[PDB]
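Source file: data-v3.cif; contents: mmCIF, C-alpha atoms and all ligand atoms.
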data_model
#
loop_
_atom_site.label_atom_id
_atom_site.label_comp_id
_atom_site.auth_asym_id
_atom_site.auth_seq_id
_atom_site.Cartn_x
_atom_site.Cartn_y
_atom_site.Cartn_z
CA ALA A 456 14.22 0.94 31.30
CA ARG A 457 11.05 -1.16 30.89
CA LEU A 458 11.22 -4.97 31.02
CA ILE A 459 9.27 -7.23 28.64
CA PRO A 460 6.15 -8.60 30.43
CA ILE A 461 4.08 -11.73 29.89
CA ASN A 462 0.71 -12.54 31.49
CA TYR A 463 -0.24 -15.49 33.67
CA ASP A 464 -1.66 -17.61 30.83
CA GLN A 465 1.52 -17.17 28.80
CA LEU A 466 3.65 -18.00 31.85
CA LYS A 467 1.66 -21.20 32.38
CA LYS A 468 2.28 -22.14 28.74
CA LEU A 469 6.02 -21.61 29.22
CA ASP A 470 5.80 -23.96 32.22
CA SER A 471 5.25 -26.72 29.66
CA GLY A 472 6.71 -27.87 26.35
CA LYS A 473 5.85 -24.49 24.82
CA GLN A 474 8.78 -22.39 23.63
CA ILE A 475 9.07 -18.76 22.54
CA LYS A 476 10.29 -18.34 18.96
CA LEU A 477 12.08 -15.26 17.66
CA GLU A 478 11.51 -13.83 14.20
CA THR A 479 13.31 -10.81 12.78
CA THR A 480 10.88 -8.62 10.84
CA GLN A 481 13.37 -5.98 9.66
CA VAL A 482 16.84 -4.57 10.28
CA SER A 483 17.86 -0.91 10.19
CA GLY A 484 21.47 0.14 9.63
CA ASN A 485 23.81 2.51 7.83
CA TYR A 486 26.35 2.41 5.02
CA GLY A 487 29.54 4.45 4.69
CA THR A 488 30.36 7.24 2.26
CA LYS A 489 33.16 9.80 2.07
CA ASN A 490 32.26 13.47 2.60
CA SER A 491 33.92 16.56 1.06
CA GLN A 492 36.86 15.84 3.36
CA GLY A 493 38.42 12.38 3.65
CA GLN A 494 36.07 11.37 6.46
CA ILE A 495 33.75 8.36 6.29
CA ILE A 496 30.17 9.17 7.30
CA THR A 497 27.53 6.60 8.28
CA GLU A 498 24.94 8.83 9.92
CA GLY A 499 22.17 9.73 7.50
CA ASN A 500 23.03 6.84 5.14
CA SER A 501 20.09 4.53 5.80
CA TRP A 502 20.14 1.05 4.19
CA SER A 503 16.31 0.92 4.28
CA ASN A 504 16.26 3.61 1.58
CA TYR A 505 17.67 0.99 -0.84
CA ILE A 506 16.16 -2.33 0.33
CA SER A 507 12.93 -1.97 -1.67
CA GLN A 508 14.79 -0.71 -4.75
CA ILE A 509 17.49 -3.42 -4.76
CA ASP A 510 14.85 -6.14 -4.29
CA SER A 511 12.88 -4.78 -7.27
CA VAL A 512 15.67 -4.87 -9.87
CA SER A 513 17.49 -8.03 -8.79
CA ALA A 514 17.33 -11.80 -8.74
CA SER A 515 17.94 -13.53 -5.39
CA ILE A 516 20.66 -16.19 -5.21
CA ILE A 517 21.47 -18.06 -1.99
CA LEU A 518 24.36 -20.51 -1.58
CA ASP A 519 24.03 -23.02 1.27
CA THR A 520 27.26 -24.94 1.97
CA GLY A 521 25.68 -26.87 4.87
CA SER A 522 27.23 -24.79 7.65
CA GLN A 523 27.39 -21.28 6.13
CA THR A 524 24.90 -19.34 4.00
CA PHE A 525 25.59 -16.57 1.49
CA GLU A 526 22.81 -14.37 0.09
CA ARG A 527 23.25 -12.23 -3.03
CA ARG A 528 21.30 -9.86 -5.29
CA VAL A 529 22.21 -9.70 -8.98
CA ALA A 530 20.74 -7.00 -11.20
CA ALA A 531 18.58 -8.19 -14.09
CA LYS A 532 16.90 -6.38 -16.97
CA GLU A 533 13.19 -5.52 -16.86
CA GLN A 534 11.40 -7.69 -19.40
CA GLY A 535 9.20 -5.27 -21.33
CA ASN A 536 11.24 -2.06 -20.98
CA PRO A 537 13.19 -1.02 -24.15
CA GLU A 538 14.99 1.66 -22.13
CA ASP A 539 16.38 -0.85 -19.62
CA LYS A 540 20.05 -1.27 -20.56
CA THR A 541 21.02 -3.71 -17.79
CA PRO A 542 23.35 -6.30 -19.42
CA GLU A 543 21.94 -9.81 -19.73
CA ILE A 544 23.88 -12.67 -18.18
CA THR A 545 23.18 -16.38 -17.71
CA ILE A 546 22.46 -18.04 -14.36
CA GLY A 547 25.93 -19.61 -14.44
CA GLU A 548 27.59 -16.23 -15.03
CA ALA A 549 25.50 -14.66 -12.25
CA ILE A 550 26.53 -17.39 -9.81
CA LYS A 551 30.21 -16.93 -10.67
CA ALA B 456 0.91 8.31 28.90
CA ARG B 457 -1.16 10.13 31.55
CA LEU B 458 -4.95 9.67 31.70
CA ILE B 459 -7.37 12.55 32.31
CA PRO B 460 -8.53 12.52 35.98
CA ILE B 461 -11.66 13.82 37.68
CA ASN B 462 -12.26 14.11 41.43
CA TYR B 463 -14.98 12.52 43.54
CA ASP B 464 -17.32 15.54 43.45
CA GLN B 465 -17.13 15.69 39.66
CA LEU B 466 -17.72 11.94 39.42
CA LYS B 467 -20.82 12.27 41.60
CA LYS B 468 -22.09 15.02 39.28
CA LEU B 469 -21.58 12.74 36.27
CA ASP B 470 -23.65 10.12 38.12
CA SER B 471 -26.62 12.41 37.47
CA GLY B 472 -28.09 14.43 34.61
CA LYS B 473 -24.85 16.42 34.37
CA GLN B 474 -22.91 16.08 31.12
CA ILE B 475 -19.40 17.12 30.09
CA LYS B 476 -19.32 19.59 27.21
CA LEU B 477 -16.40 20.01 24.83
CA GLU B 478 -15.28 23.36 23.48
CA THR B 479 -12.43 23.87 21.02
CA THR B 480 -10.37 26.91 22.00
CA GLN B 481 -7.89 26.84 19.10
CA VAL B 482 -6.50 24.64 16.34
CA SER B 483 -2.88 24.44 15.20
CA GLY B 484 -1.95 23.16 11.74
CA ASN B 485 0.21 23.67 8.68
CA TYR B 486 -0.19 24.78 5.08
CA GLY B 487 1.76 23.57 2.05
CA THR B 488 4.30 25.43 -0.06
CA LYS B 489 6.79 24.34 -2.72
CA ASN B 490 10.52 24.58 -1.90
CA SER B 491 13.42 25.28 -4.29
CA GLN B 492 12.85 21.75 -5.61
CA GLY B 493 9.41 20.48 -6.60
CA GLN B 494 8.69 19.20 -3.10
CA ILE B 495 5.72 20.33 -1.00
CA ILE B 496 6.68 21.33 2.54
CA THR B 497 4.25 21.66 5.46
CA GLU B 498 6.67 21.72 8.38
CA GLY B 499 7.40 25.27 9.49
CA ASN B 500 4.30 26.67 7.73
CA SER B 501 2.10 27.44 10.73
CA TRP B 502 -1.50 28.56 10.08
CA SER B 503 -1.55 30.43 13.43
CA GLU C 216 8.62 22.91 -30.97
CA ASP C 217 11.01 24.07 -28.23
CA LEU C 218 9.11 25.66 -25.35
CA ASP C 219 8.80 24.37 -21.80
CA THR C 220 6.31 26.55 -19.95
CA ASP C 221 6.33 24.43 -16.78
CA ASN C 222 10.10 23.79 -17.00
CA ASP C 223 9.83 20.01 -16.62
CA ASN C 224 12.15 19.07 -19.52
CA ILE C 225 9.26 18.16 -21.85
CA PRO C 226 8.27 20.71 -24.56
CA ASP C 227 4.67 21.94 -24.59
CA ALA C 228 4.06 20.54 -28.06
CA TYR C 229 5.28 17.13 -26.91
CA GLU C 230 3.03 17.15 -23.84
CA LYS C 231 -0.08 18.24 -25.78
CA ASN C 232 0.47 15.51 -28.38
CA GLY C 233 2.25 12.27 -27.57
CA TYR C 234 5.84 11.81 -26.49
CA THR C 235 8.17 9.07 -25.27
CA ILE C 236 11.58 8.91 -23.60
CA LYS C 237 14.67 7.63 -25.43
CA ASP C 238 18.15 7.80 -23.86
CA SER C 239 16.78 10.05 -21.11
CA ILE C 240 15.47 12.56 -23.67
CA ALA C 241 11.82 13.29 -24.43
CA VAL C 242 11.14 12.75 -28.12
CA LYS C 243 8.03 13.36 -30.21
CA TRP C 244 5.85 10.25 -30.39
CA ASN C 245 5.81 8.23 -33.59
CA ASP C 246 3.63 5.16 -34.12
CA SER C 247 6.57 3.53 -35.94
CA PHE C 248 8.08 2.60 -32.57
CA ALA C 249 4.96 1.45 -30.76
CA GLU C 250 5.96 -2.18 -31.43
CA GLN C 251 9.44 -1.80 -29.90
CA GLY C 252 7.81 -1.50 -26.47
CA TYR C 253 7.73 2.30 -26.15
CA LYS C 254 4.61 3.84 -24.60
CA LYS C 255 2.90 7.06 -25.68
CA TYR C 256 2.66 9.62 -22.87
CA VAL C 257 0.61 12.80 -22.57
CA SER C 258 0.60 15.34 -19.74
CA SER C 259 -0.26 18.93 -18.87
CA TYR C 260 2.14 21.46 -20.36
CA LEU C 261 1.14 23.87 -17.55
CA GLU C 262 1.83 21.44 -14.69
CA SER C 263 5.18 19.89 -13.80
CA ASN C 264 3.40 17.26 -11.70
CA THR C 265 0.22 16.45 -13.64
CA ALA C 266 -0.88 13.66 -11.24
CA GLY C 267 -0.10 15.77 -8.16
CA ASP C 268 2.39 13.21 -6.77
CA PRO C 269 5.93 14.15 -5.60
CA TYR C 270 7.47 13.30 -9.00
CA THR C 271 7.39 15.40 -12.17
CA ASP C 272 6.10 14.29 -15.56
CA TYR C 273 9.67 13.82 -16.83
CA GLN C 274 10.83 11.89 -13.76
CA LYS C 275 7.89 9.49 -14.09
CA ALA C 276 8.03 9.04 -17.87
CA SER C 277 11.83 8.57 -17.90
CA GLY C 278 11.71 6.14 -14.98
CA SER C 279 14.26 8.21 -13.06
CA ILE C 280 12.45 7.51 -9.78
CA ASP C 281 12.47 4.86 -7.06
CA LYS C 282 12.67 1.52 -8.86
CA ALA C 283 10.25 -0.07 -6.38
CA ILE C 284 7.46 2.09 -7.85
CA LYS C 285 5.19 0.06 -10.14
CA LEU C 286 5.54 0.76 -13.87
CA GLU C 287 1.90 1.92 -13.96
CA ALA C 288 3.01 5.05 -12.08
CA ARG C 289 5.57 5.78 -14.79
CA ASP C 290 2.62 7.14 -16.76
CA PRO C 291 2.21 10.88 -15.94
CA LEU C 292 -1.57 10.41 -15.59
CA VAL C 293 -1.24 7.63 -12.98
CA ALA C 294 -0.21 8.77 -9.51
CA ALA C 295 2.61 7.22 -7.53
CA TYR C 296 0.52 6.61 -4.43
CA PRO C 297 0.77 4.05 -1.58
CA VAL C 298 -2.49 2.71 -0.17
CA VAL C 299 -1.65 1.31 3.25
CA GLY C 300 -4.10 -0.50 5.51
CA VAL C 301 -3.88 -2.38 8.81
CA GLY C 302 -5.51 -5.73 9.56
CA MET C 303 -5.84 -7.22 13.06
CA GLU C 304 -5.13 -10.96 13.26
CA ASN C 305 -5.82 -11.60 16.91
CA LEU C 306 -6.21 -9.79 20.23
CA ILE C 307 -4.70 -10.83 23.57
CA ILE C 308 -6.18 -9.72 26.90
CA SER C 309 -4.06 -9.56 30.06
CA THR C 310 -6.26 -9.21 33.14
CA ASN C 311 -4.25 -7.34 35.74
CA CA A 601 6.74 20.94 -20.04
CA CA A 602 4.07 18.97 -17.56
#
Would you mind writing the file out in structure tokens?
Ligand SMILES: [Ca+2]
Ligand SMILES: [Ca+2]
Amino acid sequence: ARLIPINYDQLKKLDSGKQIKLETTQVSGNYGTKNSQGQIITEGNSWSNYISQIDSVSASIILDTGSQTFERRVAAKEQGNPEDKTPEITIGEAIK
Amino acid sequence: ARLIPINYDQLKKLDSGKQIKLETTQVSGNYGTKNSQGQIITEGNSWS
Amino acid sequence: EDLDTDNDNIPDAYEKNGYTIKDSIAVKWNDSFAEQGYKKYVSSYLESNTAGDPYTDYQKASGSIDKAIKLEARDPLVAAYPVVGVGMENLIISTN
């Protein structure tokens, strides 16, 4: 119900070469699971509960074809941990 | 969202030696317990 | 040898002396496997959460917690604890 205001100084800046840029700081959203019945639920299934975790155990790989972009996370073993049983793969295997 | 107003007579009083005093009439708050798991809960545990 | 007063899946004897976690099981510490990357843990046999954080001694030691938690806090003596601050970078005044 409340519009986004700017002040007079900012308006004067816009009345020039100056342009507003948009940056996305975060995105909330849900994933789907099946409940005890056959129904798919996406209500309490918050993606932000996994973002930190996935980023901590993964390597980032991004493919840029010029027009499209594809971003991936591939799990990798923790270096010092003897109890980490994540299989080791090469960069080529991970890309494939 | 709503500021605390005073009227003109009160404002005139403040424009003198007169000072506002604060008194605390009560305090609400929670205590902690452990649930069936190991978690500490302080949500329905009202001190009052 | 088999007694868990605090019911945290680590025997009292193991908590008093050293222990480590192998295949999700607490085992009595031996120096022989210090050089394979295992760490010696100690904790209170009367407290399930020695550091007072939301995770038990077993959960921390075994790493069966949020993977974004730093490995320091896998030690039962070191608390899993976020220290969050706010910094101001600039302030904008709109004279109405
Ligand atoms: Ca124990
Ligand atoms: Ca304990």
Chain C contacts to chain A at 12 Å (only C-alpha atoms) as an MDAnalysis selection string:
chainID C and resid 235:240 248:254 276:286 289 307:311
How close does chain C get to ligand CA 602 (chain A)? List, as CSV, each residue of chain C within 12 Å, its nearest atom pair and the distance in Å to one decimal, counting all atoms listed in the file.
residue,atom,partner,partner_atom,distance
C:218,CA,A:CA602,CA,11.4
C:219,CA,A:CA602,CA,8.3
C:220,CA,A:CA602,CA,8.3
C:221,CA,A:CA602,CA,6.0
C:222,CA,A:CA602,CA,7.7
C:223,CA,A:CA602,CA,5.9
C:224,CA,A:CA602,CA,8.3
C:225,CA,A:CA602,CA,6.8
C:226,CA,A:CA602,CA,8.3
C:227,CA,A:CA602,CA,7.7
C:228,CA,A:CA602,CA,10.6
C:229,CA,A:CA602,CA,9.6
C:230,CA,A:CA602,CA,6.6
C:231,CA,A:CA602,CA,9.2
C:232,CA,A:CA602,CA,11.9
C:234,CA,A:CA602,CA,11.6
C:241,CA,A:CA602,CA,11.8
C:256,CA,A:CA602,CA,10.8
C:257,CA,A:CA602,CA,8.7
C:258,CA,A:CA602,CA,5.5
C:259,CA,A:CA602,CA,4.5
C:260,CA,A:CA602,CA,4.2
C:261,CA,A:CA602,CA,5.7
C:262,CA,A:CA602,CA,4.4
C:263,CA,A:CA602,CA,4.0
C:264,CA,A:CA602,CA,6.1
C:265,CA,A:CA602,CA,6.0
C:266,CA,A:CA602,CA,9.6
C:267,CA,A:CA602,CA,10.8
C:270,CA,A:CA602,CA,10.8
C:271,CA,A:CA602,CA,7.3
C:272,CA,A:CA602,CA,5.5
C:273,CA,A:CA602,CA,7.6
C:274,CA,A:CA602,CA,10.5
C:275,CA,A:CA602,CA,10.8
C:276,CA,A:CA602,CA,10.7
C:290,CA,A:CA602,CA,11.9
C:291,CA,A:CA602,CA,8.5
C:292,CA,A:CA602,CA,10.4
Nearest to chain B, restricted to only C-alpha atoms and choosing among C:269, C:242, C:255, C:247, comes out as C:269
Counting all atoms listed in the file, which residues from chain B have an atom at most 8 Å from any atom of chain C, and could you show them as an NGL selection string?
:B and (493-495)
One residue among C:306, C:296, C:301, C:217 is nearest to ligand CA 601 (chain A) when using all atoms listed in the file, and that residue is C:217
Students should find that CA of residue 517 (chain A) and CA of residue 549 (chain A) are spaced 11.5 Å
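CA of residue 456 (chain A) is found 26.0 Å from CA of residue 460 (chain B).
CA of residue 295 (chain C) lies 26.3 Å from CA of residue 245 (chain C).
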Compile the contact shell of residue 502 (chain B) as a tab-separated table (two decimals) with C-alpha atoms, keeping the file's coordinate frame: residues with an atom at most 7 Å away, counting only C-alpha atoms, same-chain residues fewer than 5 positions apart removed.
chain	number	residue	atom	x	y	z
B	483	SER	CA	-2.88	24.44	15.20
B	484	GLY	CA	-1.95	23.16	11.74
B	485	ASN	CA	0.21	23.67	8.68
B	486	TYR	CA	-0.19	24.78	5.08
Shell of 12 Å around residue 545 (chain A), all atoms listed in the file, local chain residues under 6 positions omitted, as a tab-separated table (two decimals) with C-alpha atoms, keeping the file's coordinate frame:
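Output (around.tsv):
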chain	number	residue	atom	x	y	z
A	514	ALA	CA	17.33	-11.80	-8.74
A	529	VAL	CA	22.21	-9.70	-8.98
A	530	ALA	CA	20.74	-7.00	-11.20
A	531	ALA	CA	18.58	-8.19	-14.09
A	532	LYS	CA	16.90	-6.38	-16.97
A	551	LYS	CA	30.21	-16.93	-10.67
Listed atoms of region 472-476 of chain B, axis-aligned box, 6 Å per side: centre and edge lengths to one decimal in Å, as AutoDock Vina command-line options?
--center_x -23.7 --center_y 17.0 --center_z 30.9 --size_x 20.8 --size_y 17.2 --size_z 19.4
Residues near region 477-490 of chain A, cut-off 8 Å, all atoms listed in the file, skip fewer than 5 positions along chain, as a VMD selection string | chain A and resid 495 to 503
